[PDB]
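Data file: my_file01.txt. Format and content: compact mmCIF, C-alpha atoms.
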```txt
# COMPACT_ATOMS: atom_id res chain seq x y z
CA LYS N 1 -26.06 98.91 -103.61
CA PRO N 2 -28.30 95.89 -102.89
CA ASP N 3 -31.97 95.54 -103.82
CA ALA N 4 -34.02 98.17 -102.00
CA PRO N 5 -37.82 97.68 -101.84
CA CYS N 6 -39.70 100.38 -103.74
CA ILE N 7 -42.03 101.25 -100.90
CA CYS N 8 -40.56 104.48 -99.60
CA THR N 9 -43.83 106.36 -99.79
CA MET N 10 -46.70 107.36 -102.03
CA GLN N 11 -45.38 110.85 -102.67
CA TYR N 12 -45.78 110.27 -106.40
CA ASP N 13 -42.53 111.98 -107.38
CA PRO N 14 -42.09 110.49 -110.87
CA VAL N 15 -38.41 111.08 -111.46
CA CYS N 16 -37.03 110.49 -114.90
CA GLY N 17 -33.95 108.33 -114.82
CA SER N 18 -31.29 107.82 -117.44
CA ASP N 19 -33.10 105.22 -119.47
CA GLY N 20 -36.25 107.10 -120.36
CA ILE N 21 -38.27 105.82 -117.43
CA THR N 22 -40.28 108.05 -115.11
CA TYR N 23 -39.91 106.34 -111.75
CA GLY N 24 -42.75 107.02 -109.31
CA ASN N 25 -39.94 108.04 -106.99
CA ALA N 26 -36.18 107.85 -106.49
CA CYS N 27 -37.03 104.80 -104.41
CA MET N 28 -39.21 103.16 -107.03
CA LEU N 29 -35.99 103.73 -108.87
CA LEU N 30 -34.21 101.67 -106.28
CA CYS N 31 -36.53 98.96 -107.56
CA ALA N 32 -35.38 99.71 -111.08
CA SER N 33 -31.67 99.74 -110.33
CA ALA N 34 -32.41 96.63 -108.27
CA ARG N 35 -34.41 94.58 -110.79
CA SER N 36 -34.83 96.61 -113.99
CA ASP N 37 -32.20 95.81 -116.62
CA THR N 38 -29.48 98.45 -116.41
CA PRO N 39 -28.16 100.91 -113.78
CA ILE N 40 -30.42 103.83 -114.65
CA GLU N 41 -29.37 107.33 -113.59
CA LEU N 42 -31.85 110.02 -112.51
CA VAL N 43 -31.84 113.08 -114.73
CA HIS N 44 -35.05 115.05 -114.21
CA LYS N 45 -37.45 114.92 -111.27
CA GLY N 46 -40.50 114.71 -113.52
CA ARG N 47 -41.88 113.28 -116.74
CA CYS N 48 -38.74 114.10 -118.70
```
The structure given in the file should be rewritten as structure tokens.
Amino acid sequence: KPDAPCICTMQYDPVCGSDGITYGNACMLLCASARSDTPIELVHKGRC
């Protein structure tokens, strides 16, 4: 998928994605998978 702005909401839902990074939200993630370094992969909807 293309780059998706990480401004979905402010529902601070820090989801841990395969990489060891707690993304403020699955969308913030979209920012990660869009301009992070590697295609992370959610694993736990929290602080790991």
- Item | Close residues, residue 11 of chain N itself excluded, 12 Å, all atoms listed in the file, min 6 positions apart in chain, as number ranges by chain | N: 23-28
- Query: In Å, how far is it from atom CA of residue 18 of chain N to atom CA of residue 44 of chain N?
  - Reply: 8.8 Å
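With only the atoms specified (only C-alpha atoms) counting, those residues at most 9 Å away from (-39.5, 106.8, -112.9) are residues 13, 14, 15, 16, 17, 20, 21, 22, 23, 24, 25, 26, 28, 29, 32, 42, 45, 46 and 47 of chain N.
Going from atom CA of residue 2 of chain N over to atom CA of residue 48 of chain N, you cover 26.3 Å.
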- Item | Who sits within 7 Å of residue 30 of chain N, all atoms listed in the file, same chain under 5 positions skipped, as number ranges by chain | N: 3-6
